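Starting off, we have a lone chain in the form solved without benzofuro[3,2-D]pyrimidin-4(3H)-one, written out as structure tokens.
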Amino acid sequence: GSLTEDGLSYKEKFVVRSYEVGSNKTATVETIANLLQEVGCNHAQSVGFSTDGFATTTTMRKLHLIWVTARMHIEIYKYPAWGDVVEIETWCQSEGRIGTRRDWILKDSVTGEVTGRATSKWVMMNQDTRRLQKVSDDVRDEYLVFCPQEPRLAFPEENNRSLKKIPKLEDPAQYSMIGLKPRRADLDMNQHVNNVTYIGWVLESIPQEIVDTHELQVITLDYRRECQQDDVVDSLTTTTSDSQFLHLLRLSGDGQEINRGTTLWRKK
């Protein structure tokens, strides 16, 4: 990949792998989310944040700070097929003075048509205590120059789906997958559960009959609390409707909420 001419965004092409596709011989949404992470991490390396940290800035490393996702919203129009080339463009923007947004646009490498778009919100956490830490300036200065000055949104529309508030799923859930546990392949380089794993866990409670006859169009996922290496998760889903579902991930023990989300599915 490479930075664009103005140095305010990063672009990269990926060839969809054999093990990256599902039943339809097209990329899974988890493969997509992994590619968004990879282009985001290559964008960080191209602006001088080395591979000694997981896309953390130089001042973040001095403060023992890491990045944590607060929200993820992905919309796919066409999933790339096995062997197809997909080009992803990514950029960052501070959101006033609370968090940081990372957006992506996915395109067909040949025709240039937009096949997908994503947006995410990020906050910082102390890697040792695992407490969310407030940005008291200085950190913003270290990366402001790397953001577009004028607002640039992947979802520029008024009242788009990425801005919607998510309610908490009421018991009893219509569908469930219980006793989900992460394995070592689910962890990132900081030994935290990869943000993509929670997408896989939310989708575990969707009935196979929906998965086989419909395609995932939109997923919005809020991250409230991290799942630890020794935690057990329960995935709950209820139909709210195109098929729409409300999702909740909670710890098997005490029932503490870790994620809430919604998904929209289109018939094939």
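Note that the rigid core is defined as the largest set of C-alphas that superpose within 1.5 Å between two forms. Shifts are known only where both forms have a C-alpha. In this text, residue numbers run from 1 along the sequence as written.
Quick note: we don't show the form solved in complex with benzofuro[3,2-D]pyrimidin-4(3H)-one, though the next part is all about it.
The closest heavy atom approach of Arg117 to benzofuro[3,2-D]pyrimidin-4(3H)-one in the deposited bound form falls outside 4.5 Å. Interface membership of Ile66, defined by any non-hydrogen atom within 4.5 Å of benzofuro[3,2-D]pyrimidin-4(3H)-one in the deposited bound form, is confirmed. Contact check for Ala154: every heavy atom lies farther than 4.5 Å from benzofuro[3,2-D]pyrimidin-4(3H)-one in the deposited bound form. The shortest heavy atom separation between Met125 and benzofuro[3,2-D]pyrimidin-4(3H)-one in the deposited bound form is within 4.5 Å. Residue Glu226 is the only member of 222-246 with a non-hydrogen atom no more than 4.5 angstroms from benzofuro[3,2-D]pyrimidin-4(3H)-one in the deposited bound form. For the residues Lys164, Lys168, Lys134, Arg184, superposed on the rigid core between this form and the one not shown, a C-alpha shift of 2 angstroms or more shows up only at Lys134. Once the rigid core is overlaid between this form and the one not shown, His64 counts among the residues whose Cα shifts by 2 Å or more. When two forms of a protein are overlaid on their rigid core, residues whose CA moves 2 Å or more are considered shifted, and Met124 is one of them between this form and the one not shown. In sequence order, the runs of at least 3 consecutive residues whose Cα atoms each shift by 2 Å or more between this form and the one not shown, relative to the superposed core, are 55-67, 124-137.
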